[PDB]
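S.K.:
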Amino acid sequence: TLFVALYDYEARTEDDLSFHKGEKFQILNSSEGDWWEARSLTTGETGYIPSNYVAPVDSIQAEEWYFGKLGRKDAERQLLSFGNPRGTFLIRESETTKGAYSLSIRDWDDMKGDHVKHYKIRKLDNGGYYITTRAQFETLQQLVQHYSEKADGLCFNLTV
Ligand SMILES: [Cl-]
Ligand SMILES: [Cl-]
Ligand code: NA
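Residue numbering for the sequence shown is 85 to 244, as defined by the entry's author numbering.
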């Protein structure tokens, strides 16, 4: 299972690798702490990388729209950045229910101007993830794909 760089990183020691976001790696040793021995799949070089800078290639952490540990207010601050159109979104962990998630979407209306709507993503015990009783999804990726086509109850369509 490959790992993917979530951010750019510049070597800080002789034994560290430098890499750009999206670069792929094979992990060789992840047992001697926060710094893992890896092989770059662009240069073939072996060295140490910060573990918090990488995630498994098919993980939720690797998704462009997933911002795990981001809070509600900082989600608003991030989506209300310049250039993000109506429908720009992100998925983050729920601050109220462990194992639940939150879908934050940039929207616009008459009373509030540019604002953000938050939708809690729950998970059924013998089922998948859902916002409505209408549909449930085995993964968060499938949920994003579903609401990317039409809003289906949501304030606006997901701009992916
Ligand atoms: Cl970066
Ligand atoms: Cl850096
Ligand atoms: Na991500």
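Yeah, the Cβ is synthetic: ideal placement off N, Cα and C, and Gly gets one too.
(1) Taking only runs of the beta strand (DSSP E) that begin and end inside the region 108-166, which ones reach a length of at least 3 residues, in chain order?
(2) Per DSSP, what are the beta-bridge partners of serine 188 in this structure?
(3) Taking buried to mean at least 16 other C-beta atoms within 10 Å of its own C-beta, is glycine 167 buried or exposed?
(4) From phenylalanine 221 to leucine 187, what distance separates their C-alpha atoms?
(5) Going by the C-beta, is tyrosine 91 closer than 8 Å to any heavy atom of ligand 1?
(6) On the premise that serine 115 lies in contact with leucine 101, defined as a C-beta separation below 8 Å, what is that separation, rounded to the nearest angstrom?
(7) Excluding the five sequence neighbours on either side, which residues of its own chain have a C-beta within less than 7 Å of the C-beta of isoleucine 144, listed in chain order?
(8) Let me confirm a value: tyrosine 231 is counted as buried when at least 16 other C-beta atoms fall within 10 Å, else exposed. Which label applies?
(9) Going straight from the alpha carbon of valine 228 to that of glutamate 148, what length do you get?
(10) Between the region 102-113 and the region 154-170, can you find at least three pairs of beta-carbon atoms closer than 8 Å?
(11) Compute the beta-carbon to beta-carbon distance between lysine 201 and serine 178, rounded to the nearest angstrom, for a pair I have assumed lies under 8 Å.
(12) Are at least three pairs of beta-carbons, each pair with one atom in the region 134-144 and one in the region 208-217, less than 8 Å apart?
(13) Which word fits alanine 95, buried or exposed, when buried means at least 16 other C-beta atoms lie within 10 angstroms of its C-beta?
(14) Does DSSP put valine 244 in a helix, a strand or coil?
(15) Using a threshold of 8 Å, is the CB atom of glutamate 107 nearer than that to any non-hydrogen atom of ligand 2?
(16) Are the beta-carbon atoms of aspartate 209 and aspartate 198 separated by less than 9 Å?
(17) Using CA coordinates, which residue listed in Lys207, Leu112, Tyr185, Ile189 is at the minimum distance from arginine 161?
M.R.: Taking the geometry as given:
(1) The DSSP assignment places complete beta strand (DSSP E) segments of no fewer than 3 residues inside the region 108-166 at 108-113, 119-124, 130-134, 138-140, in order along the chain.
(2) In the sequence shown, counting from the first residue as 1, residue 188 sits at position 104. DSSP output for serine 188 lists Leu174, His202 as bridge partner(s).
(3) As a working note, residue 167 is residue 83 in the sequence shown. The residue in question, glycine 167, is exposed, as its Cβ has fewer than 16 Cβ neighbours within 10 Å.
(4) For the purposes of this step, residue 221 is identified with residue 137 of the sequence shown, where counting begins at 1. For the purposes of this step, residue 187 is identified with residue 103 of the sequence shown, where counting begins at 1. Going from the Cα of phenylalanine 221 to the Cα of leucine 187 covers about 14 Å.
(5) For the purposes of this step, residue 91 is taken as the residue at position 7 of the sequence shown. Yes; taking the cut-off as 8 Å, the Cβ of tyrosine 91 has a heavy atom of ligand 1 nearer than that.
(6) Indexing the sequence shown from 1 puts residue 101 at position 17. Indexing the sequence shown from 1 puts residue 115 at position 31. So it is not a contact: roughly 18 Å between Cβ atoms.
(7) Here the question's residue 144 lines up with position 60 in the sequence shown. Excluding five sequence positions before and after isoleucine 144, the CB atoms of its chain that fall closer than 7 Å to its own CB belong to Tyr150, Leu224, given in chain order.
(8) Looking up residue 231 in the sequence shown gives position 147. Result: buried.
(9) Taking the sequence shown and counting its residues from 1, the one referred to as residue 228 is at position 144. Taking the sequence shown and counting its residues from 1, the one referred to as residue 148 is at position 64. Going from the Cα of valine 228 to the Cα of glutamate 148 covers about 11 Å.
(10) no
(11) As a position in the sequence shown, residue 201 is number 117, starting the count at 1. As a position in the sequence shown, residue 178 is number 94, starting the count at 1. Incorrect: roughly 15 Å between the Cβ atoms, too far for contact.
(12) no
(13) Position 11 of the sequence shown, counted from the start, is the residue given in the question as residue 95. Looking at its Cβ environment, which holds fewer than 16 other Cβ atoms inside 10 Å, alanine 95 is exposed.
(14) Here residue 244 refers to the residue found at position 160 when the sequence shown is read from its first residue. DSSP places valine 244 in coil when its eight states are reduced to three.
(15) As a first step, residue 107 is located in the sequence shown; it is residue number 23 there, counting from the start. The answer is no for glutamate 107.
(16) The residue you call residue 209 lines up with position 125 of the sequence shown. The residue you call residue 198 lines up with position 114 of the sequence shown. For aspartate 209 and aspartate 198, no; Cβs fall outside 9 Å.
(17) By 1-based counting over the sequence shown, the position of residue 161 is 77. Checked all of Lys207, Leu112, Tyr185, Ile189; the closest Cα to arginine 161 is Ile189.
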